[PDB]
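Please read the structure below before turning to the comments.
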Amino acid sequence: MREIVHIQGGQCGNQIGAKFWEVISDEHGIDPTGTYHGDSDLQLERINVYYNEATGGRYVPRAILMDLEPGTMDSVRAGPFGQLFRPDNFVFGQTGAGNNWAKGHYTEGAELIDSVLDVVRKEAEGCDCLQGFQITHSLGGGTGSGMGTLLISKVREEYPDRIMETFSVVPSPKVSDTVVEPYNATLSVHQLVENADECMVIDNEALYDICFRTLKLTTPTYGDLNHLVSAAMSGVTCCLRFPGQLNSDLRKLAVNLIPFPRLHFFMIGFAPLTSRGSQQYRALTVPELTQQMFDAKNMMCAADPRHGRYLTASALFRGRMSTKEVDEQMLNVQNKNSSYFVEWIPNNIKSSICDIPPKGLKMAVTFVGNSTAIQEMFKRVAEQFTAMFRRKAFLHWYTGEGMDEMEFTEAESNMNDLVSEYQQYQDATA
Amino acid sequence: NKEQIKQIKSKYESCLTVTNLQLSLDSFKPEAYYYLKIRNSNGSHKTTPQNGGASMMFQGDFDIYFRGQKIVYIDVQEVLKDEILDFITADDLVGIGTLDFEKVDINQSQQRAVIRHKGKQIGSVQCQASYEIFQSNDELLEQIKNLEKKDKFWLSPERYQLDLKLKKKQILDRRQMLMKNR
Amino acid sequence: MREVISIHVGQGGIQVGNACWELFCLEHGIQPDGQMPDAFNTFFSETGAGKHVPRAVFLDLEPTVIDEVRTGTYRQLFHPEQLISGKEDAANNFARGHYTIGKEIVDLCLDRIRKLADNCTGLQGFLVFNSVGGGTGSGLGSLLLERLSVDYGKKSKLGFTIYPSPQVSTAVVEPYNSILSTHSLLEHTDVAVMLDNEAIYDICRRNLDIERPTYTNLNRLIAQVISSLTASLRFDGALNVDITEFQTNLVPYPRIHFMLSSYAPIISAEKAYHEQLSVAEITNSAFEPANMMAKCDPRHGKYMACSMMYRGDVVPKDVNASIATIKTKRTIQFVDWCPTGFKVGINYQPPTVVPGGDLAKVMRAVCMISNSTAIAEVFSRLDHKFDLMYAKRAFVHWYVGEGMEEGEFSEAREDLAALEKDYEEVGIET
Amino acid sequence: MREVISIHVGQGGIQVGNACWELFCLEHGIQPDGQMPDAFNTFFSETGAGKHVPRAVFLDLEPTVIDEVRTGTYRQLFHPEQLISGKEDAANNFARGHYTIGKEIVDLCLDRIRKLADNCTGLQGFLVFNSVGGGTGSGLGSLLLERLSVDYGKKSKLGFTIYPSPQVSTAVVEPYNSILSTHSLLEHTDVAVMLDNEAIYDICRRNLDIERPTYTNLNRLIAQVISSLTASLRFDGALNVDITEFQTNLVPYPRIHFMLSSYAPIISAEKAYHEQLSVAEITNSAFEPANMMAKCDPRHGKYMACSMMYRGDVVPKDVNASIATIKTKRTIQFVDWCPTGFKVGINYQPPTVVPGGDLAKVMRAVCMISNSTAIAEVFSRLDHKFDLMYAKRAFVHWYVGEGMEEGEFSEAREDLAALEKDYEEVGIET
Ligand SMILES: Nc1nc2c(ncn2[C@@H]2O[C@H](COP(=O)(O)OP(=O)(O)OP(=O)(O)O)[C@@H](O)[C@H]2O)c(=O)[nH]1
Ligand SMILES: Nc1nc2c(ncn2[C@@H]2O[C@H](COP(=O)(O)OP(=O)(O)OP(=O)(O)O)[C@@H](O)[C@H]2O)c(=O)[nH]1
Ligand SMILES: Nc1nc2c(ncn2[C@@H]2O[C@H](COP(=O)(O)OP(=O)(O)O)[C@@H](O)[C@H]2O)c(=O)[nH]1
Ligand SMILES: [Mg+2]
Ligand SMILES: [Mg+2]
């Protein structure tokens, strides 16, 4: 019951999913052949959340994979746990977008999306009670940031009451791999605010910083960043698949973390994270988890959370632990940092406990906090956008496929309005 | 005419008809003949040569067909004419005008090309322009066209002899122009 | 399901095509007979049983080079009737190969192009190679590009032209046809890469330590650059780049698409292994002005956008840590309206070595394609060379007598003046 | 229980009959002696024990060719008294072979035809071969057709006539008898196929790469076309076609039954196997104007109906997918009052190869029989050639003195004018 379907688009989203599904399968004891080989009874009670049942007793994820080029899905199939995905759900084009948002949203993405929407509708109509959808995509690419966001609007138009999740990677100015990143980032943020019920920003720069400083491993690769993102993704829905002292589905988090409908851009972090050589030194206790949870360097975004004030915060503890300690520590982390918490909403931290810890760990915490410090990312994105747009650089590529500069002006104005009205509440006082 | 128009409209995106070409140069040679060569990426037309005067008026309708770039060049050519033999002995490029028809006001029937040589202005051509979006050498060509209308076969022995006569004469006229240009 | 067709016209084009086609056959394990004793599909096609046929066509009016090809070791590889050959050479006369003898040959080439294109299903685009300072090369390249631009339309075409050196020259009349061909491909080619011989001679002398190089050594380096550019289409990589993802990242405006390339490392086996060849040092060497593949000084102009490809065991974090260092340096400055200018690609397959060649085997390499404002100097010097002889109308009779009009020389001069004005207008700050 | 009788008259007819009768004997496994060391019944008859006798008759007034036949390796095959031979040749005079010497021979031929027909039980129809530009061929063909049209009535007769080339000619008087024979067979033959020599010479030169062809090479291609046409009667196929199923599909009106043929692929063993010979490429090659078996341009006229035969391992869906592509092309346009114009036949038996011949062994082939409006050009040029000499009454005395009336020349001219007017009247849209 109350299950969700998985939809991913683009190369970055496909690579994120290729590790997210591996993590989920390892958590539920599903072999790469789709056969259950788990140890505990609880591993099968709520498997309908992510997995479907077919004849022969094997399980198949309800994931939908889409891209405008076939290479990435032809590569993910040969990887481990690549056989679980149903071949029918693979939809792709023969041309690609070339990191051009217009091509992936107006000319090419519009004709292809009917086929993927057909299978999306097939998956949603069938399921017992829908909880919602979760979306993984990147804002630095053309086909992803175009087709995914248009699909968001199409899904929202047909299921207005369901919940919608988006895990979005925004292009940081530090590690830049594409010159046209500001254009399709700014165009995508315009559409994303209007339809997504929840959005979670993730930055490659913050992932590299975490890998270099906390784990202290010499050579980070995309596999480590994907593993961290996958652990963070799994931590959110853990209590929906396992029993606990205070169950809290996604809708309950939506109620408690979004004060106003347009303020739904969160930054997350996962604890504990320790190096291989120091994993024996540390002792896992609730104070040790909560001190690392609120650490500024532990956030999955380069945004500095002590440059603003938290509107609200959430924590999803895992493992068996006493609730009194959790509540007193949450109170203590809020009394010692009163300057960084907005004062006109008292008791702005939500807590939840799940009795099933991750495989290999005795305690774990997932942190989701809505803070005013996120304005800095939109500020720098808009700064680069307005630095590049004033000369109409690279504009002809977009304008040759039916798009105009008016949609750029409206997007810039709406993004600046969002930036302004997000900080409006930072200076608000009672 | 309908089938030819249909083939033209299938191959080209638009036509420009140029009429009433008036050449004005800062200096004419009074003893020299001038003609206009009107060209685009798809072909070229030539006016009849006229004697140099303070303003020259070239009559003719010049249909210029486009498939992309809407630029016409007007080359001004000076010609030495041998009055005894009625042939062109040399052709010298005086200057080039450019008409950019994306900038031509659809409401202005009159257009002006500035003629330039080595980057300096040396005159202008004025013309009327309309836009639609979709034995002498001439006697020998007219005889060939009249045989094409009479014979169901593309290669009569008489046509082959006339085509050989035409080619020999064009080589002689080209040699006379190369001799006049020396 | 992704394909590309390479066009080779002229003596220089055929001699660099031979150079790239030993390298591709060696890299995909195909013997010179064409027989193997799913990545080949980008350049080759399967015949059903046994041999592979290249997706390439060789053009020339002068039969000597084709006859040399049809008797060498590669006689069995190419299809017998795609090596189109003429009888009479254009003899360095541009008007000949554009108006007199090229027209009767161009129809067969277009028929061959159609017959090759109907086989491909996912055609990415075309590649073309031609030495500019020759009659048949420049003329037939211009005519083929003009025919293809209307037969196919929006398909992408890439041109690896070899412009004459600043002072070193083999002919005496090459500025005329170089200027005319630049006129022709300015409005007809999507990408043009600079390849003059003098810079590559200096590269060989300084790094490879060869004091008597021949054309084969130059062509092998060009072949390596081509392989590095197209590796991302036929090998798995952490950060892929497609051909269609260029005009959205390197071409700010439709007129400006001439850029100059560089490669690193270039080193011989006698002293390669004594140093570690870290990613930082190779990416520093790639940006050195003396390692430009075209004899132009980047210190004389701004950068617009840099697209640079890695291959081997490089890790993205090391790439970011090196892009930061380059942004730090004061001798390299980017244009004002471009905050980020780097597009990064990472591939896993290390560069392959050709036996008996110059380059050694290494695990890391970098190839950069950079668009800079300094390229206007080559246009200015070619224009100055052209004006000197066009003042007295020298050598013009060799062109007027081949059907070309007198005024055709002037408009190419006007287009070059327009291009030089445009390059100055773009490079000024706001 | 299905039979067909082939008639060979004249030197060209006998020389193409020899060519087809090596091929049939080779295809059915019968040795040249006539002995095998149930499909044969279409062309042959069983004698009770041992040898097979062809259902063919050879006619000529000039004895040299028949004497050559009766001494070659095939002396034992044909029945001794069905090789009817005369004593005096007609010497390119049509009036001779229609009024003077052909009448005394035609009775024996008709007796032989009756003796062969009484043996058959399921007679499909007759085949006739005759080179038109000769006296005995055209005259005896006309007389035989006129006798058969009244002796048998509704039985179908097919004529594989070889008209003279546009400019290449062997005689000087062949337009006269060509026009007269066209007059004779216009109202007497159900199907006439164009076979002029110049087009087949060009085919051999371009594809077979033979620079010095002889008549045997032409006759082998004609024999292959005949075998492809009649394969459906003696081999199992997924989509069969009978001879009687032609006037219902290719002949819109009783007057219009002249059509021109083409064949594909035509390729030598030296370069055949390097390419895959897919059905799409062969069906594209068959429609190429340069591969017409008669020197006429199909681009100059509309199509009326296309009947095209396949043989080998071709699958119907691939045929449909290729008919769609041809309907797509803008250079091939059908007549307005014909929405669908294709009749498709598929057979399983691949074409057989003759040892020492030109063609190689392939698994797929296509033969098309297409009726088009462009055929009027050959009639117009033959008419123009006729008028030039008929203006001065040249060579007429050679015809008036052989019993023909003066006015007989004019009415053939009037019938050709009527045919040309009819072809123009049909091709105009409604
Ligand atoms: N990099 C490189 N350049 C070459 C090579 N061969 C010729 N060139 C250049 O090509 C220019 C002249 O054009 P070519 O390619 O030699 O001759 P072409 O293009 O066939 O033109 P034609 O003279 O009419 O045959 C010279 O200035 C050379 O610089 C080569 O092997 N490598
Ligand atoms: N395709 C082809 N045509 C031939 C061949 N032999 C002759 N012809 C053509 O036949 C025409 C003349 O007719 P022939 O067949 O040679 O002679 P005929 O039909 O027996 O008539 P007579 O001259 O009276 O004997 C010539 O114009 C040739 O083009 C041949 O072997 N193959
Ligand atoms: N975490 C992670 N990020 C990736 C991976 N591959 C690419 N990216 C990021 O995705 C961005 C490029 O997105 P792109 O591949 O063009 O998206 P697309 O246009 O939808 O295919 C780069 O800036 C990378 O930082 C990966 O395997 N893992
Ligand atoms: Mg040459
Ligand atoms: Mg004879």
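Here, residue 1 is simply the first one shown, and the rest follow in order.
Placed from the backbone N, Cα and C atoms, the Cβ positions cover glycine too.
What Swiss-Prot records for this protein:
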BINDING   D:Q11, D:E62, D:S131, D:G135, D:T136, D:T170, D:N197, D:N219  GTP binding site
BINDING   D:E62  Mg(2+) binding site
ACT_SITE  D:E245  active site
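Geometry remark: D:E62 (GTP binding site) versus D:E245 (active site), CA distance 37 Å. The two recorded residues, D:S131 (GTP binding site) and D:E245 (active site), have Cα atoms 26 Å apart. Burial estimate for the binding-site residues (D:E62, D:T136, D:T170): highest at D:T136, by number of other CB atoms within 10 Å. Filtering D:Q11, D:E62, D:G135, D:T170, D:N197 by Cβ distance to ligand 5 (under 6 A) retains the following binding-site residues: D:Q11, D:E62.
D:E245 (active site) sits 26 Å from D:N219 (GTP binding site), taking the CA atoms of both as reference points. Residue density at the residue listed as 'active site': 14 other Cβ atoms are found within 10 A of its Cβ, drawing on all protein chains shown. Listed binding-site residues: D:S131, D:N219. The one with the lowest count of other Cβ atoms within 10 Å of its Cβ is D:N219. Listed binding-site residues: D:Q11, D:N197; maximum Cβ neighbour count within 10 Å falls on D:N197. In this entry, D:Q11, D:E62, D:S131, D:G135, D:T136, D:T170, D:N197, D:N219 make up the residues listed for GTP, with the farthest two CA atoms of the set 23 Å from each other. Following the DSSP three-state reduction, the secondary structure of D:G135 (GTP binding site) is helix.
Taken in sequence order, the binding-site residues D:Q11, D:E62, D:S131, D:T136, D:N197, D:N219 that lie near ligand 3, meaning a CB under 6 Å from one of its atoms, form an empty set. For D:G135 (GTP binding site), applying a Cβ distance below 8 Å and a minimum sequence separation of six or more within one chain yields D:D89, D:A90, D:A91, D:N92, D:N93, D:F94, D:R96, D:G97, D:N177. Within the set of recorded positions D:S131, D:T136, D:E245, D:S131, D:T136 have a CB atom less than 6 Å from some atom of ligand 2.
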